[PDB]
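In order, the protein sequences belong to chains 9F and 8e. So the mapping is simple: the deposited numbering equals the position in the first sequence, first residue as 1, plus 113. So the mapping is simple: the deposited numbering equals the position in the second sequence, first residue as 1, plus 113. Using N, Cα and C, we set each Cβ at its ideal position, and we do this for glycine too.
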Amino acid sequence: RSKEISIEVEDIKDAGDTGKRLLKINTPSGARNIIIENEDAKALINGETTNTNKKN
Amino acid sequence: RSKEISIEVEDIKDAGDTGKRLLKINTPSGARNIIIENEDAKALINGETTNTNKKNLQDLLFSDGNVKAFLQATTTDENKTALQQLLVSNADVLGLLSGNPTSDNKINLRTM
Numbered sequence: 114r115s116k117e118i119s120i121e122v123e124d125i126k127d128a129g130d131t132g133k134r135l136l137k138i139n140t141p142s143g144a145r146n147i148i149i150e151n152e153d154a155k156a157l158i159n160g161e162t163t164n165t166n167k168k169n
Numbered sequence: 114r115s116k117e118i119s120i121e122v123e124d125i126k127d128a129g130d131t132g133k134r135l136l137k138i139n140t141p142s143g144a145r146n147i148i149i150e151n152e153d154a155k156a157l158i159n160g161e162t163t164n165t166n167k168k169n170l171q172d173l174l175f176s177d178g179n180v181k182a183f184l185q186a187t188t189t190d191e192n193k194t195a196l197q198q199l200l201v202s203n204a205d206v207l208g209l210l211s212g213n214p215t216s217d218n219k220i221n222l223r224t225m
């Protein structure tokens, strides 16, 4: 009868929507895409800014 | 096989690598260390920036190189010429600010 019963993210009944997205994410870039909504701030944190991002 | 299901993070089969690291983390600082890969951006968010972090953040924030030199408080004579042009529109006054006005600038500055 198995040994571990590896649950999945959606089995965690009091996890939040952003919380489940973060738990599923594999890389730091993916996490930043979830967490940072302001596109200019995200661009700064990614070290990749256009002239429009810089002005903003 | 059953007492209670006090599962652990690695029992969650479809959790991602970053997702499991975040679920295990205890503090906001730890979470920021996982999520933010750019060291200059992480330093800004932590409110703890070196002069190198500041210069690198200025590179992410501003496109104009003459403006960037001004913000670093280190300007060449070429940077100064360009910055003068952002600050003053009169061509004869720009001649004066250069320290080397042309003959025409000199005549016009006296008239002025």
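- Tell me, please, whether the CB atom of residue 94 (chain 9F) is closer than 8 Å to any CB atom in chain 8e? What is shown of chain 9F runs 114 to 169, which leaves residue 94 (chain 9F) out entirely.
- Give me the Cα-Cα distance between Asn213 (chain 8e) and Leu207 (chain 8e), rounded to the nearest whole angstrom. 10 Å
- Message: Can you tell me whether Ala144 (chain 9F) is buried or exposed? The criterion is at least 16 other CB atoms within 10 Å of its CB, across all chains shown.
- Response: buried
- Message: Using the three-state DSSP reduction, which class does residue 64 (chain 8e) fall into: helix, strand or coil?
- Response: With chain 8e covering 114 to 225 only, the question about residue 64 (chain 8e) has no answer from this structure.
- Item | Runs of alpha helix (DSSP H) wholly within the segment 166–203 of chain 8e (minimum 4 residues, chain order) | 178–184 and 190–200
- Query: Does the separation of the CB atoms of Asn221 (chain 8e) and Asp205 (chain 8e) fall below 8 Å?
  - Reply: yes
- Message: Here's a check: name, in chain order, each residue in its chain whose Cβ is nearer than 7 Å to the Cβ of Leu135 (chain 8e), leaving out the five neighbours to either side.
- Response: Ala144 and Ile147
- Item | Straight-line gap, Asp190 (chain 8e) to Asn139 (chain 9F) (C-alpha atoms, nearest Å) | 49 Å
- Kindly say whether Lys126 (chain 9F), judged by its beta-carbon, lies nearer than 8 Å to any beta-carbon of chain 8e. no
- Cα-Cα, which of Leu157 (chain 9F), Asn166 (chain 9F), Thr163 (chain 9F) and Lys168 (chain 9F) is closest to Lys167 (chain 8e)? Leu157 (chain 9F)
- Task: Determine the burial state of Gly132 (chain 8e): buried for a count of at least 16 other Cβ atoms within 10 Å of its Cβ, exposed for fewer.
- Result: buried
- Message: Let me check understanding here. Comparing Cα to Cα, which of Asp217 (chain 8e), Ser216 (chain 8e) and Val201 (chain 8e) lies closest to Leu210 (chain 8e)?
- Response: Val201 (chain 8e)
- Message: Along the chain, where does the alpha helix (DSSP H) containing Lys133 (chain 8e) start, and where does it finish?
- Response: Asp130 to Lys137
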